[PDB]
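Chains as they are written, first to last, in the deposited numbering: chain A, 179 to 334; chain B, 446 to 496; chain C, 180 to 199, 206 to 341, 407 to 480; chain D, 425 to 473; chain E, 388 to 436; chain F, 187 to 341; chain G, 134 to 330; chain H, 235 to 329, 368 to 387.
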Amino acid sequence: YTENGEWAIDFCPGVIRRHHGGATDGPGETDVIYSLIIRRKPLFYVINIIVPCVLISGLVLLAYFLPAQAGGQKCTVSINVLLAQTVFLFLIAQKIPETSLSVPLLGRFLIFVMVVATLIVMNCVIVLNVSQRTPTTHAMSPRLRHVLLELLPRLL
Amino acid sequence: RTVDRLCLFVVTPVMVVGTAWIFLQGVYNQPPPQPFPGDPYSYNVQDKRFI
Amino acid sequence: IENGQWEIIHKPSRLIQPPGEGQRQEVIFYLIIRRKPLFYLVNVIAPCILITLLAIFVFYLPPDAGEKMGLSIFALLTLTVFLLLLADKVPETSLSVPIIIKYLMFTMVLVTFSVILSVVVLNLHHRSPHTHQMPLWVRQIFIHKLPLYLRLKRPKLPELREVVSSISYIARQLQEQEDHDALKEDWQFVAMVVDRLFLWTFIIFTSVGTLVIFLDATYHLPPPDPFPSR
Amino acid sequence: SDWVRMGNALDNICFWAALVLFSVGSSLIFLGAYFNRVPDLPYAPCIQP
Amino acid sequence: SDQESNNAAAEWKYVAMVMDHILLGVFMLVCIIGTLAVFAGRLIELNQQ
Amino acid sequence: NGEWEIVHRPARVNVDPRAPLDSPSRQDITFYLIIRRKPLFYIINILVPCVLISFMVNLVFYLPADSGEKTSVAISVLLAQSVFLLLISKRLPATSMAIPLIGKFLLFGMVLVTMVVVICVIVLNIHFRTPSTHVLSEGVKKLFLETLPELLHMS
Amino acid sequence: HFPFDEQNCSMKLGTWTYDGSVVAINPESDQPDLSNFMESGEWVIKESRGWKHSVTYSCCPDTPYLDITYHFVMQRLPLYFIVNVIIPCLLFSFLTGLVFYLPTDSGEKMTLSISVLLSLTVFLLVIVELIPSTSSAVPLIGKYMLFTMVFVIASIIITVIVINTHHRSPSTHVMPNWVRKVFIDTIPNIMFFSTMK
Amino acid sequence: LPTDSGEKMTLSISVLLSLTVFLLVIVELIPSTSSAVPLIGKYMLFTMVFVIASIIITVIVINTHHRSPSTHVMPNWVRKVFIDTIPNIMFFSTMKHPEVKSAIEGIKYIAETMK
Ligand SMILES: *[C@@H]1O[C@H](CO)[C@@H](O[C@@H]2O[C@H](CO)[C@@H](O[C@@H]3O[C@H](CO[C@H]4O[C@H](CO)[C@@H](O)[C@H](O)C4O)[C@@H](O)[C@H](O[C@H]4O[C@H](CO)[C@@H](O)[C@H](O)[C@@H]4O)[C@@H]3O)[C@H](O)[C@H]2NC(C)=O)[C@H](O)[C@H]1NC(C)=O
Ligand SMILES: *[C@@H]1O[C@H](CO)[C@@H](O[C@@H]2O[C@H](CO)[C@@H](O[C@@H]3O[C@H](CO[C@H]4O[C@H](CO)[C@@H](O)[C@H](O)[C@@H]4O)[C@@H](O)[C@H](O[C@H]4O[C@H](CO)[C@@H](O)[C@H](O)[C@@H]4O)[C@@H]3O)[C@H](O)[C@H]2NC(C)=O)[C@H](O)[C@H]1NC(C)=O
Ligand SMILES: *[C@@H]1O[C@H](CO)[C@@H](O[C@@H]2O[C@H](CO)[C@@H](O[C@@H]3O[C@H](CO[C@H]4O[C@H](CO)[C@@H](O)[C@H](O)[C@@H]4O)[C@@H](O)[C@H](O[C@H]4O[C@H](CO)[C@@H](O)[C@H](O)[C@@H]4O)[C@@H]3O)[C@H](O)[C@H]2NC(C)=O)[C@H](O)[C@H]1NC(C)=O
Ligand SMILES: *[C@@H]1O[C@H](CO)[C@@H](O[C@@H]2O[C@H](CO)[C@@H](O[C@@H]3O[C@H](CO[C@H]4O[C@H](CO)[C@@H](O)[C@H](O)[C@@H]4O)[C@@H](O)[C@H](O[C@H]4O[C@H](CO)[C@@H](O)[C@H](O)[C@@H]4O)[C@@H]3O)[C@H](O)[C@H]2NC(C)=O)[C@H](O)[C@H]1NC(C)=O
Ligand SMILES: CCCCCCCC/C=C/CCCCCCCC(=O)O[C@@H](COC(=O)CCCCCCCCCCCCCCC)COP(=O)([O-])OCC[N+](C)(C)C
Ligand SMILES: CC(C)CCC[C@@H](C)[C@H]1CC[C@H]2[C@@H]3CC=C4C[C@@H](O)CC[C@]4(C)[C@H]3CC[C@]12C
Ligand SMILES: CC(C)CCC[C@@H](C)[C@H]1CC[C@H]2[C@@H]3CC=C4C[C@@H](O)CC[C@]4(C)[C@H]3CC[C@]12C
Ligand SMILES: CC(C)CCC[C@@H](C)[C@H]1CC[C@H]2[C@@H]3CC=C4C[C@@H](O)CC[C@]4(C)[C@H]3CC[C@]12C
Ligand SMILES: CC(C)CCC[C@@H](C)[C@H]1CC[C@H]2[C@@H]3CC=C4C[C@@H](O)CC[C@]4(C)[C@H]3CC[C@]12C
Ligand SMILES: CC(C)CCC[C@@H](C)[C@H]1CC[C@H]2[C@@H]3CC=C4C[C@@H](O)CC[C@]4(C)[C@H]3CC[C@]12C
């Protein structure tokens, strides 16, 4: 026996079933059912899809450490991670089952990280909007100033 | 800025006209009225050729 | 029923005798067929030529625009897309490399070197004057000798005492800024000269390599005879 | 400068928020698989070791 | 003179920023309205079945 | 059929006069189907997106040189066109009788986008010139600051 | 209505060479037997039914032609298409509008919008491989895809116009009076008004 | 690539994007099995981790470059490690009407502002 490259056979019980022996049914029927309980070996998906996707999706957190100026490229890092995630969506569409009884873990993780990246893109946009305000267009909102510069260090 | 404006007014009409030409060849592409060129017959059940 | 991708050049047939009782003759029908490559010219070769042209034109982009990296690297990304396009069409054997794959890898190497040399040019351009001292030989080569060959001509009472001190300090600071700007201009001119040298070198290498590969492809003709002398 | 420092403070709090969201969601999604082992059935293994 | 030039430029920037605020509102509203106008009719129809 | 509409459907008895009577190729009956493609799928999914994206490269002329995002827009349009070319490459045979109409448009658009990228490079080169690097001649000023803006009705 | 579509598919059965005057077929039951039906991971059979039909042609008034047609009304399970197609499109549609909250001085508006457009263009691969390539009608999913593409396109056009407006200076333009009246005077009065005139 | 170019993230993220697009080529060409990691797979994952690490460290370098002098104050250990010791191994250069009185104070203010 040579094990399948992707599937390990963990269990394989057999059972002889008998049914349709009722008076209305009439003649009894029988069959033999074997249940191959098989386990996927996920190494290919781990190496080729999941680990690269995890790292590339984690790159969005680096946007918070880039400067909020013209040359910061904060939005460069976030939206291009989303583009890479779209490429991974194309990659994963070639492999996942096409049924709709439930959602696979791979697809759920990809959609989750895409939603997180979208939220962080919005967050970077907001931080850039706040950071480059100048007196020639915006007034100094003292409420947000007090909230962020005075109350926030006290909370921390 | 002047070079950019001139390049707009030169390049954009060329793109529009070329795209329009290329897609107008296809939009007006239709099969001929008769299945066989040179044969006027339509080969339709309306136009029966009684013997 | 003519094939849209293949042209039949020769179509002979031959009786093959056994090598001189269990021996068997054969009748072999040969089809010598030439591919008609218009699809690959439209879908692969022309985009590669255009991307190569953009890789050349990166070196004319000024460093202050801040756009060399984007252009060169997106050219590389587009070439990767065309590698994905070719992945479904090319043969999978390993006895030799298709010439189209050779051309694609030549183009990718060219774009990689365009990225590398653009990085070098930007490093020269943004060089800090105070931290970096220009060595003299750099001056002699890239500011005096090479611009001639590349056709780059570089153009060309306590109050009163306190006031005097302030004015003198302001003049001193502006003179320091002038010297700093002069050294910065020297570094930027060196970067420009190096960029022009790379532009000409890239044009020459691109033209020579493309011409060599295209002549190798063009002069690969089908055999005049199905059974040439060997 | 005041605007820049407000933006920096926003970035600082939001980084921790985003890190917590990313880590917790990914960990839950993959721990769903970690608790998805084949059940310990009352049968001998299919392949005798 | 540079100050007058800066004032005129700042007026142009203010006009652009007001346009951006209006367009942000319009595009978010368009996102919601298009998403509804596409799917909601069929989803409501299936909800009634 | 969901993609093909039958326009003509003739039937014909074909007799080859040159063939001998004892040849199977002497006679046949041919039923022809002239079928027109219903192009709605390709229109909606390929052609309108590709055409609009290609036309987007013209906005770079209205983008100021100080934005720093001209060549990025143009080369990104080229990348999108290459993606569309990858899309088309799977759907048609690699025949040589003609270039497909979508293929003709895509080649035309990639060529134009390449010229637009080159024009953007030249425009950026002109924009960032300084006295320390270039000399601005009076003839260039006369042509590009007074005559052409008046002809082009520029503000 | 794809992927929320309902499909009524039939199975017309009949004796090919025997007419009703020699061989007669009758349904065993009003409905097909689904007692041993395996669960489908993509469709739900809401209704199933068999109907017998007899057709008599005028040229053959003595030999009726019989058939039994078994129909199956089926509703697609749309979860796969919701997760893999609709949600990414919704995310792109949401990301489209965020460029208008980006400052022009950030130098990243075109980066954001064009990257969203590139994401949609790459996503077209997923859509066309997953969506059915038929021209009988435009699917709902195709309508949404075209909507998102067209409005990312519109956002790019308007963003270029906005950036052009932002960089104007008295060395290039002179502001018309109507622009001043509309944008500096009237509109902020009917807005939150935190902005300084 | 200097930080002042404003293109570090462009280069690094676009190299990552090219590698991600090339992953489609890799999965198209090499066989997909989980019996063991192929040598191509090991090299691919090494390149991916290499690019990710380069991006992370580039973000750190950019953050270091842009540190403001007011909010941030340079610790002594950073100065001793990077300005003093390491460059010895390399080769870089280490680094009486009121109106008249009002005008005088204005000149002094300009000088102090530039200071
Ligand atoms: C892998 O797959 C195999 C095959 O599917 C699994 O083994 C089978 O598991 C099913 C349950 O999923 C089990 O079905 C049960 O059968 C018994 C026996 O049925 C007989 O007796 C009952 C009366 O006792 C009669 O009602 C019936 O007519 C008959 O001949 C049922 O008692 C039992 O009912 C219970 O569970 C139902 C839900 O499943 C519930 O609705 C009901 O009220 C009651 O609580 C089941 O119907 C099969 O017998 C198993 N064996 C075979 C040979 O199929 C195996 O478990 C799977 N492995 C894993 C790890 O999931
Ligand atoms: C879709 O494709 C089918 C083919 O698969 C096309 O059908 C062909 O249509 C053409 C034009 O009608 C036909 O060509 C004509 O054939 C006639 C008969 O030729 C037979 O007899 C001669 C000997 O007399 C044999 O050598 C020959 O092999 C045939 O057995 C000719 O008489 C016609 O000639 C007349 O028209 C030409 C026009 O150029 C004049 O020059 C002549 O002087 C004369 O007036 C003509 O050659 C062809 O035979 C058809 N093929 C088949 C298989 O039937 C459909 O037209 C096409 N549909 C489209 C494109 O819409
Ligand atoms: C497409 O593919 C087919 C099949 O491979 C090629 O057909 C072969 O063509 C080659 C030449 O190109 C033939 O080789 C030549 O055979 C001649 C006769 O050899 C026969 O007789 C000897 C003696 O009895 C036998 O041993 C042998 O098996 C044959 O039965 C030789 O006289 C030729 O000699 C020439 O080439 C040799 C090369 O080493 C020189 O040393 C000689 O001086 C001389 O120049 C030669 O060997 C071969 O037999 C063909 N095969 C068949 C089955 O017909 C087509 O050529 C190829 N088409 C292309 C590529 O265009
Ligand atoms: C999916 O597609 C299938 C097939 O197209 C549809 O099947 C149709 O379903 C309807 C409704 O169930 C059928 O209509 C009914 O047909 C009965 C039988 O008619 C045949 O047999 C009689 C007797 O021999 C012939 O006289 C007749 O010509 C036919 O050959 C009728 O008895 C029914 O009449 C009853 O309902 C009508 C309602 O209008 C009343 O007016 C009558 O008085 C009476 O109460 C009725 O006409 C239809 O025949 C089916 N067609 C086929 C081809 O199977 C499915 O409905 C569809 N599923 C969906 C979309 O839900
Ligand atoms: C895309 C289509 C083609 C281009 C359309 C352009 C449309 C826009 C129109 C361009 C005109 C702009 C004029 C500005 C300069 C005025 C002053 C002047 O001419 O003298 C000075 C500047 O000389 C130049 O800069 C040369 C003229 C412009 C060169 C444009 C790039 C090269 C294009 C070539 C064709 C590319 C073909 C391949 C691509 C298809 C002299 O100083 P110099 O230092 O001696 O100048 C060296 C100039 N050189 C480096 C260019 C040699
Ligand atoms: C958007 C973020 C927050 C979540 C991203 C993951 C998405 C795809 C997850 C989150 C919750 C999930 C759902 C939770 C529970 C169920 C019920 C189950 O019987 C079928 C699957 C279904 C309907 C899941 C489908 C996938 C799902 C919608
Ligand atoms: C935006 C335009 C200018 C680009 C040019 C290319 C495309 C979009 C143009 C060129 C010519 C155009 C067609 C010319 C005529 C018709 C027939 C009419 O009954 C419907 C519109 C339609 C089909 C036009 C729209 C699309 C079309 C094919
Ligand atoms: C990703 C983050 C943000 C949200 C996670 C939410 C959790 C609770 C969700 C995500 C996916 C969900 C699972 C998706 C599908 C199924 C299969 C179904 O037959 C039973 C429920 C079950 C097992 C769900 C349970 C709840 C679940 C684990
Ligand atoms: C800028 C706008 C017009 C979008 C670009 C439209 C382009 C792709 C053009 C090229 C060919 C055109 C088609 C050609 C022919 C027709 C006529 C009629 O059957 C309805 C419209 C229809 C089907 C056109 C729709 C638009 C179309 C697909
Ligand atoms: C309205 C725009 C801005 C956003 C939504 C996308 C647009 C392009 C979509 C939404 C509905 C679509 C229409 C829906 C149905 C039909 C009828 C048939 O002839 C096919 C094309 C046509 C006419 C479609 C053309 C494209 C369309 C108008």
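Idealized CB from N, CA, C, for every residue including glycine.
Which of the three DSSP states, helix, strand or coil, is assigned to residue i?
i	result
C:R411	helix
F:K224	coil
A:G192	strand
E:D407	helix
G:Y277	helix
G:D138	coil
H:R313	helix
G:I323	coil
H:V307	coil
G:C193	strand
G:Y203	strand
As a quick exercise: from the options, pick the residue whose alpha carbon is nearest that of residue i.
i	options	result
A:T312	E:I419, E:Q436, E:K400	E:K400
F:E332	G:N159, G:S327, G:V312, G:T305	G:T305
F:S240	F:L298, F:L287, F:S209	F:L298
G:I219	A:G183, A:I289, A:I194, A:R196	A:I289
G:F214	G:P265, G:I294, G:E241	G:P265
F:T257	F:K224, F:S268, F:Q213, F:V304	F:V304
E:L430	G:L273, G:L199, G:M243, G:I260	G:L273
C:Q438	C:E412, C:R324, C:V294	C:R324
A:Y223	A:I270, A:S319, A:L261, A:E181	A:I270
With a threshold of 7 Å on Cβ separation, who are the neighbours of residue i within its own chain once the five nearest residues in sequence on each side are excluded?
i	result
A:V305	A246
G:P160	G183, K185, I201
Using a threshold of 7 Å, is the CB atom of residue i nearer than that to any non-hydrogen atom of ligand 8?
i	result
D:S425	no
When every heavy atom of ligand 10 is checked, does at least one fall within less than 7 Å of the C-beta of residue i?
i	result
A:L326	no
G:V271	yes
C:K274	no
Ligand 9 and residue i: does any heavy atom of the ligand fall closer than 7 Å to the residue's C-beta?
i	result
F:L233	yes
E:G428	no
Give me the chain K residues within the contact set of residue i, using Cβ-Cβ distance strictly less than 7 Å, ordered along the chain.
i	result
C:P247	Note that chain K does not occur in the displayed structure, where the protein chains are A, B, C, D, E, F, G and H.
Cβ-heavy atom distance between residue i and ligand 7 below 7 Å?
i	result
B:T464	yes
Considering only residues of the same chain and omitting the five flanking positions on each side of residue i, which have a CB-CB separation below 6 Å?
i	result
A:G204	none
Could you name the residues whose beta carbon sits closer than 7 Å to any heavy atom belonging to ligand 8, keeping them in chain order? A:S280, A:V281, A:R286, A:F290, D:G449, D:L452, D:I453, D:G456
Nearest-residue set for ligand 4, Cβ under 7 Å from any heavy atom: G:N141, G:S143, G:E180, G:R182, G:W184, G:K185, G:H186, G:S187, G:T202, G:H204, G:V206
Taking 7 Å as the limit, tell me which residues put their C-beta closer than that to any heavy atom of ligand 2, in chain order. B:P476, B:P477, B:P480, B:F481, B:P482, B:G483, B:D484, F:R198, F:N200, F:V201, F:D202, F:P203, F:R204, F:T216, F:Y218, F:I220
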